[PDB]
Amino acid sequence: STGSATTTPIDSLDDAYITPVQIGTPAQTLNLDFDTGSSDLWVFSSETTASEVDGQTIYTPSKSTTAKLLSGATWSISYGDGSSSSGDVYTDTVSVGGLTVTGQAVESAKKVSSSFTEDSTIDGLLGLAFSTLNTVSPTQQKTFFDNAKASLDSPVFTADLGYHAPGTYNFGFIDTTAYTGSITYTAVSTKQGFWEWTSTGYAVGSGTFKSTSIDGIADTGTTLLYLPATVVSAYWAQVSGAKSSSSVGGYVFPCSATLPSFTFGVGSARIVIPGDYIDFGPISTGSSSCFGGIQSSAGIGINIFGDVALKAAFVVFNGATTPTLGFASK
């Protein structure tokens, strides 16, 4: 089997991407944030505290003839941005782009933190990291990809995120029309539950490439590119007037700037992030100070190849017995 679904930016900045997902019988379509940095499929629901729902579409398990309470199971998750959610668990039929999993754990939120409530466009998350990170207790549950893998034509999914435009998540096949050149594959460590890999270095603009190992995670659920402070300083030093602002919470730059590109290495190959991808717009409405899309990972404890980096590539998440990652230009 295969599946193919379009993923759409939630706003003009590409702050996140939403992908329609069918849950239950008859189908209830929710727009979920596909997140290769976590492993829970959770949704706003008829159980979510009413004051914490503000415009989201909810899953109502009582209206699904295939929903079954997973008795005794609870979940609770906290994300790197400080947001969180928790609740109980149903199993139900879940389909993405024509690919169907029966018996998928659908984690129903009883509580969500303010940032989820305040974002009316995201109805929940669909985790695509390794199932060892799934938070369901006392019986850990499998991700949608883990459940589907054996049925797929090939044990892979791909992320093709757009810059200010829709893109595609494919399951079970590699669309050879969706990228240029060849795909360069690179090793993955699953020891922390992430799609963790080692970039071979970087360049700023037209500058020379610096060969240096940068361990980090391919994380579709993180907006920005978070790298060591040395790398990030070298980038922003090429932008007149850019500075790190403790009050704003990262590097800012004059909105009048033209940003340089940023290149990262995948083995001997190179992925180029155009400068425009690194502009996240005014820090507050009408400000001439703009927020940078490359920020320091110092204090986060891991480097994060978020959407800013991934959207510059066609990315293969290879779930073969020994997982690997593939990157191609596009």
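Things worth noting here:
- Segments classed as strands (runs of 3 or more DSSP E), wholly inside region 201-313, with at least 2 members that are crowded, with 19+ Cβ neighbours inside 10 Å and touching a helix residue (DSSP H, G or I) at 6+ places or on another chain (Cβ under 6 Å): 294-296
- Checked against (1) within 27 Å of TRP75 (Cβ to Cβ); (2) in contact with a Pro (Cβ under 8 Å, 6 or more places away or on another chain); (3) outside the structural domain of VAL308 (by CATH), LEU128 passes all but condition (2).
- A single member of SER213, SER199, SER182, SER189 is closer than 17 Å to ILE294 by Cα and among the polar types (S, T, N, Q), and it is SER199.
- Residue tally, condition more than 30 Å from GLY72 (Cα to Cα) and crowded, with 18+ Cβ neighbours inside 10 Å, over region 146-158: 5
- Residue match in region 79-95 (condition: in a strand (DSSP E or B), β-branched (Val, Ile, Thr) and loosely packed, with under 14 Cβ neighbours inside 10 Å): no
- Neighbours by Cβ (under 6 Å, 6+ apart or cross-chain): first from region 248-274, under 18 Å from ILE214 (Cβ atoms) and touching a residue at least 60 places away in the same chain (Cβ under 8 Å); second among the aliphatic types (A, V, I, L, M) and surrounded by fewer than 19 Cβ atoms within 10 Å (Cβ to Cβ): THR263/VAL272
Okay, residues lined up against (1) in contact with an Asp or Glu (Cβ under 6 Å, 6 or more places away or on another chain); (2) closer than 18 Å to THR25 by Cβ:
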site	(1), (2)
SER38	no, no
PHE44	yes, no
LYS63	no, yes
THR66	yes, yes
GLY72	no, no
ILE77	yes, no
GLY82	no, no
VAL89	yes, yes
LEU99	no, yes
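- Residues being touching a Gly at 6+ places or on another chain (Cβ under 8 Å), closer than 30 Å to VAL272 by Cα and of a type in the set (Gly, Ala, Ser) - total across region 133-165: 2
- The set of residues in region 149-198 being in contact with a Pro (Cβ under 9 Å, 6 or more places away or on another chain) and in a helix (DSSP H, G or I) consists of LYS149 alone.
- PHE305 vs. criteria under 14 Å from the mean Cα position of the chain (by Cα) and of a type in the set (A, V, I, L, M, F, W, C): yes
- One residue stands out among those in region 132-145 that are surrounded by fewer than 20 Cβ atoms within 10 Å (Cβ to Cβ) and part of a helix (DSSP H, G or I): the one that is farthest from the chain's Cα centre (by Cα), which is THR132.
- Test: residue in region 57-74 that is closer than 23 Å to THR222 by Cβ and assigned by CATH to the domain that holds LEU41: no
Cβ atoms come from the backbone with ideal geometry, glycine included; neighbour counts cover every protein chain shown. All of this is worked out from the model, or read from it or from the source named; none is laboratory data.
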